[PDB]
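# Experimental structure below, sequence on top.
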Amino acid sequence: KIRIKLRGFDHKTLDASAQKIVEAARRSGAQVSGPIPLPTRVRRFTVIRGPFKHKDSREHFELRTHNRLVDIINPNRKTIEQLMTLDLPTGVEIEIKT
Amino acid sequence: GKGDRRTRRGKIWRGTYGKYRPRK
Amino acid sequence: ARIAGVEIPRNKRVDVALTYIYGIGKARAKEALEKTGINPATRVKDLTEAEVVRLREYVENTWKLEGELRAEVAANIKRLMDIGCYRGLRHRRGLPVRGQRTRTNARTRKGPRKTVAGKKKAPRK
Amino acid sequence: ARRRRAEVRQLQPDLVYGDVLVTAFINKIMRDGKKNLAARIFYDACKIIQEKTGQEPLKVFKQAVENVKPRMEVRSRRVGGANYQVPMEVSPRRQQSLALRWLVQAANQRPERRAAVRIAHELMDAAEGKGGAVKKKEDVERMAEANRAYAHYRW
Amino acid sequence: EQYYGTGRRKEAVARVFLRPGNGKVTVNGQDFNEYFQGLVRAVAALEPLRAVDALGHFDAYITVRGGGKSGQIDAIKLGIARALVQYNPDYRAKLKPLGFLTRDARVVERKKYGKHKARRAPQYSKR
Amino acid sequence: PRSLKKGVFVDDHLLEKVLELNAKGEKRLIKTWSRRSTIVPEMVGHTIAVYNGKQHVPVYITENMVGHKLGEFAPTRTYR
Amino acid sequence: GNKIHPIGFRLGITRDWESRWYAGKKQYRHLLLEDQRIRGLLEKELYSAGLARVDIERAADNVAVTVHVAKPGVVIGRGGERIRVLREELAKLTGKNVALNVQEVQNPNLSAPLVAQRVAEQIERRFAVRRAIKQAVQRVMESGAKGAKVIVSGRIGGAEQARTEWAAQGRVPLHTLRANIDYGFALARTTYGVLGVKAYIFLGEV
Amino acid sequence: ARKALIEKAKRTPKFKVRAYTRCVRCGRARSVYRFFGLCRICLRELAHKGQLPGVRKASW
RNA sequence: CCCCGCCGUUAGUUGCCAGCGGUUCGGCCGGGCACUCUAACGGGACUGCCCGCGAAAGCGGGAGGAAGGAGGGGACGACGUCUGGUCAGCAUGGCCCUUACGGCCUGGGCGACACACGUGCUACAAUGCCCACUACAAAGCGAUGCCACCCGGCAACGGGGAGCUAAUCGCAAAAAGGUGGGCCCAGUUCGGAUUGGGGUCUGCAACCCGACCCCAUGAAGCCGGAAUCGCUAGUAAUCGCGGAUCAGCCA
Ligand SMILES: [Mg+2]
Ligand SMILES: [Mg+2]
Ligand SMILES: [Mg+2]
Ligand SMILES: [Mg+2]
Ligand SMILES: [Mg+2]
Ligand SMILES: [Mg+2]
Ligand SMILES: [Mg+2]
Ligand SMILES: [Mg+2]
Ligand SMILES: [Mg+2]
Ligand SMILES: [Mg+2]
Ligand SMILES: [Zn+2]
């Protein structure tokens, strides 16, 4: 029951790096509950294209944030003894509850 | 009409609540 | 009939009828029917004289109604006309009083349009 | 339509008479996409065509349409002089549309309060050869025949 | 034990479980008409059965989630048609030419900028 | 139909000024720029010169006006 | 009036973000501001290094600049006695321990911000624009490269009526995304007003 | 704007309800998307230089 | 490249009279992921198949298919034009001000009204208005916050106070719709302008110049001259919901 919500701006660098946080085995060294899709949250900016008048111009900007879950049962400290320097995603941010 | 402040319809439009459209 | 001074509203539902009185509306109608116990629905012509009295005795003896209102309102306005008040001035000129715009769109207080000339030397208008 | 011929859209059939003339008619009653009460009107009007005439409404309805379909109509043509009411044939697809419309418009000039009433009474009068719709029809063919002199600019 | 098809329509999804029997239909823990009460179109969600002669040969338990009632009415008409075909694949040639098997791609069109309303162009003057 | 729920705001640099003009006499003309300030009963009698954007104006405060606002008597705009 | 930004148009594919970290809504705002004072310090001091892009990555509080330059010399200095003054000027404003790097941009003639920077430089030294441009296209078109383009705006020649001088060869397919087209823009303050220099460099497809 | 009007810098701005935003990048006081502290132009310029992470072009 | 349409692989603190057990009959609990869904990655459409015309490209039609010839919507705007727009977003040459063309305040103005137009809103009603009950959305936003649920209050709202860094709590009611009831053709139970009065909130501060609530008031308007605008299908038309900016708000 180590709950670890993982989010960032790039879905390739999440699912890849949440795949990396499954390493006592696929289900043969701990347990594992599969990385959970968990919906994304899309903040949107719309902006008048030119600098002056031209009300009806406009161009749309979004900033999507994708979130994954993981969740492991049997929080044995042997397997935990992998969360040392074992990473490589930069613009991912990590959260941990139990 | 949506212009009569003291109707149901009229409250919904102005996104308010009151005597003529209680909250819950 | 004769529920407020001179006010004879007839033949409609009693709650509608009372609104034919001056200081009386959808609200005070609903109210004065509750507080005197008369069914809203009954037609005015189908009313016990004993009920028309409990009405009159209430409505007439419980709010400023008819001319007795129109009187106060009129002197209520002259009141802020006598003093220098800003709303008084607006009343005096006959312009909006609740901070509305007057460049366009003041017709209801201004009255019908007093149209004037357009140009002396300019484009087509 | 500058290119292709624009095909007629095939409407689905009626739910109570299996007829696509009926769906055409319920559509022209419908305003603002309120289709529910448009049926709710037409069908209510249908159970007034029996409760006043033993014949079942579906014949009375299609009988009424037939009296309103026009056989000739004018449509103004620009000429090297001015404008000319020119009498034309009326494609059978356009007779359909013209009669259904005029029915629902004449129905709502009627002074009856409930709407189903208006449609019923208009459906009956039409089927009976009178009522407002059949005027603006005998009224159209009139002009087609009144401008027979120009029936030689037939587009 | 039963027979199943999904079926969607314009942001509305139907879950159609067919069981054998009488004809009795229950959407969202409610009788058919308890739900679609007095909506002239409702009867049409069952046209798959009405055209395979299955009137009173099947019961149906349905849950529907999304959009509005007229869209749900179509999503059911698929769910019923789809379950009826994993029940009997020979039913297609019966059912396909009526189209009941074609999910209606028609969806609300997006709102564009400088329009009022996805196509409704704002009104202009002097031209 | 106006507001200020409990507190009845009155600009106080003027208030300490007027209250202190009631140890004795009532100075003719008081130069305020706080038209923002509610009138109170303890102002009857004096003469306050409210600004304008352009000029102080001799607003003889009576008692008919004990509730209003100072800027309600210094009209801002000039019209015909 | 037309025509997007070819980078802003590809930021999802065949080009990535000049700073690629993450933050909630309480932080993003400031991280960006700092993020930009970095680029502003790094573009005044490091001008003569000839820097193309300035990548920033943040993570556990920290930072991580990766200054891409043409001649990594002038950022290193005497054995290292320059890259530490900057790494210290940085961690000054960034109270968060910065981690400077240097990436060898081989080929100054294939990174568009450089190509453009160069042409704008000549313009301030009063060079021949028409030629300046035609040359840079060549200098780029030789150094590998499937196509390239260069635009100077106007006041070409101190001319009183602003012009626009052009020049491009090979393919430069702006409307195709499968492209990979570095874009660079150089300003060119001159004695008589400014001039804009845009460099386009198409290099490979998929 | 006027450089003197980046007296928005008044971390003590007397009454609180005089606070106002201003684009951190070009001073622009109007249309100042507060998630970014950037105004509507600076917002688009930076977005095209890829310098706001995770900020794509939107379309649907 | 994105989104929407059918299908799969992976994925089960959202989803279930699927199938069982337990029921405070709430997916509530045990339980399972099959389904719906969530979001990553694939498949799938190519005029490939069929008949007809064609020299070919293709055109017509027919199968099968969720979809058939560009399936539907976006992003995307060539060499150039308008000496178009913008020195007030930002840069920038030149020119000018330099105890003032710079700066700080407090008050006013940008909201002035005899008029004229653009864009809109709300209407002129019965396919309607009102009240009660009852049902189906998508997309969003929230901890100087969203505020369930209680108490005062006709109400705005005050007091109190749970959950929620949020597929998990809240904004949240969707509204047209459906059942019942009222109105009865009327300037009306249509319309809600105007004005009088009393009040809540945000803010140092609501006179000029705020929104909201309640009482009274209840204007013009009975479908609009000449003219003129939009839209070809989930489109118009109509119905509500959300967000950016933002103390609050003239939306
Ligand atoms: Mg605009
Ligand atoms: Mg009303
Ligand atoms: Mg516009
Ligand atoms: Mg400046
Ligand atoms: Mg502010
Ligand atoms: Mg293209
Ligand atoms: Mg100009
Ligand atoms: Mg203005
Ligand atoms: Mg009428
Ligand atoms: Mg079109
Ligand atoms: Zn800015």
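Everything's here; your move. Residues are numbered from 1 along each chain as shown, chains lettered A, B, ... in the order given. Ligands and ions are numbered 1, 2, ... in the order given.

# can we go C-alpha only for contacts and neighbour counts from here?
Fine.

# I'd like to know which elements the longest helix belonging to chain G is packed against.
Longest helix in chain G by number of residues (criterion: DSSP state H): helix G:28-44. Judged by 3 or more Cα pairs under 8 Å, 6 or more residues apart in numbering or on different chains; DSSP states H and E, the packing partners of helix G:28-44 are strand G:51-56.

# Relative to residue G:63, how far out is the residue of chain E positioned farthest from its centre?
Distance to the chain centre peaks in chain E at residue E:126, reaching 48.0 Å (criterion: Cα atoms, centre = their mean). As judged by Cα to Cα, to the nearest Å, residue E:126 and residue G:63 stand 58 Å apart.

# what does residue E:68 give?
50 Å.

# need the helices for the chain, in chain order.
No chain specified, so I'll use chain A. Going by DSSP H, chain A shows helices at A:12-20, A:77-80.

# meant chain E actually
E:32-35, E:47-50, E:69-87, E:91-95.

# nearest to chain F, of these?
Taking Cα to the nearest Cα as the criterion, chain F comes closest to helix E:69-87 out of the helices of chain E, the separation being 45.8 Å.

# wait, what's in contact with the residue nearest the centre of chain C?
When Cα atoms, centre = their mean is applied to chain C, the residue found nearest the centroid is residue C:22 (6.2 Å). Neighbouring residues of residue C:22 by Cα atoms under 8 Å, 6 or more residues apart in numbering or on different chains: C:65-67, C:69.

# Emit the ChimeraX select command for whichever of those residues are buried.
Here is the ChimeraX selection string for the buried members of the contacts of residue C:22, based on 16 or more other Cα atoms under 10 Å in any protein chain shown:
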select /C:65,66
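
# Just flag the most distant two among the contacts of residue C:22.
The span of the contacts of residue C:22, defined through Cα to Cα, is set by C:65 and C:67 at 6.6 Å.

# From residue D:122, how far out is whatever residue of chain G ends up closest to ligand 11?
Closest residue of chain G to ligand 11, Cα to the ion: residue G:33 (12.3 Å). Distance of residue G:33 to residue D:122, given as Cα to Cα: 74 Å.

# And these two? Which one has more around it.
Taking neighbours as other Cα atoms under 10 Å in any protein chain shown, residue G:33 and residue D:122 compare with residue D:122 leading, 28 against 15.

# Next, the residue nearest to the more buried one when sequence neighbours are not counted: secondary structure please.
Spatial nearest neighbour of residue D:122, chain neighbours left out: residue D:107 (5.4 Å); criterion: Cα to Cα, 6 or more residues apart in numbering or on different chains. Assigned by DSSP: H, G, I helix; E, B strand; the rest coil, the conformation of residue D:107 is helix.

# For residue A:59, give me its contacts.
Listed by Cα under 8 Å, 6+ apart, the contact partners of residue A:59 are A:46-49.

# returning to what we had before: nearest to residue E:12, of the helices of chain E?
helix E:69-87 (5.4 Å).

# Mind checking if that closest one is in reach of RNA strand I?
Yes - residues of helix E:69-87 contacting RNA strand I under Cα under 7 Å from any atom of the strand: E:69, E:72.

# Can you tell me which of the helices of chain E is most buried?
helix E:69-87 (a mean of 24; mean count of other Cα atoms under 10 Å in any protein chain shown).

# mind listing what the one residue sitting closest to the centre of chain B touches?
Most central in chain B under Cα atoms, centre = their mean is residue B:11, positioned 1.7 Å from the mean C-alpha point. Residue B:11 makes contacts with B:2, B:5, B:17-18, B:20-21, as judged by Cα under 8 Å, 6+ apart.

# Let's see that with 7 Å instead.
Residues counted as contacts of residue B:11 (Cα atoms under 7 Å, 6 or more residues apart in numbering or on different chains) are B:5, B:17, B:21.

# give me the element the closest residue to residue G:46 other than its chain neighbours is part of.
Spatially, and ignoring its direct neighbours in sequence, residue G:46 is nearest to residue G:75 (7.1 Å; Cα to Cα, 6+ apart). Using DSSP states H and E, residue G:75 sits in helix G:73-76.

# Contacts made by that helix with the rest, please.
G:49, G:82-83.

# continuing past that helix, what's the next helix or strand?
strand G:77-78.

# Could you spell out the sheet neighbours of that next one, each with its direction?
strand G:81-82 (antiparallel) (DSSP bridges).

# you'd agree residue G:97 is up against residue G:61?
No - using Cα atoms under 7 Å, residue G:97 is not in contact with residue G:61; the gap is 8.7 Å.

# Name the residue in these two with the higher neighbour count.
Each of residue G:97 and residue G:61 has its neighbours counted (other Cα under 10 Å); residue G:97 has more, 16 against 9.

# List the residues that contact that one.
Taking Cα under 7 Å, 6+ apart, we find residue G:97 in contact with G:62-63, G:91.

# Which residues of chain C lie near chain F?
Within chain C, the positions near chain F by Cα under 7 Å from any Cα of the partner chain are C:84-86.

# What is the neighbour count of residue 13?
In the absence of a named chain, this looks at chain A. For residue A:13, the count of nearby residues is 17 (other Cα under 10 Å).

# Chain H, not that one
13.

# For residue A:23, see how far away the residue of chain G closest to ligand 11 is.
Look at residue G:33 and residue A:23: by Cα to Cα, they are 38 Å apart.

# what does residue C:125 give?
81 Å.

# cool, residue C:35 as well?
For residue C:35, the distance to residue A:23 - Cα to Cα - is 78 Å.

# of the two, who's got more company?
Each of residue C:35 and residue A:23 has its neighbours counted (other Cα under 10 Å); residue A:23 has more, 15 against 11.
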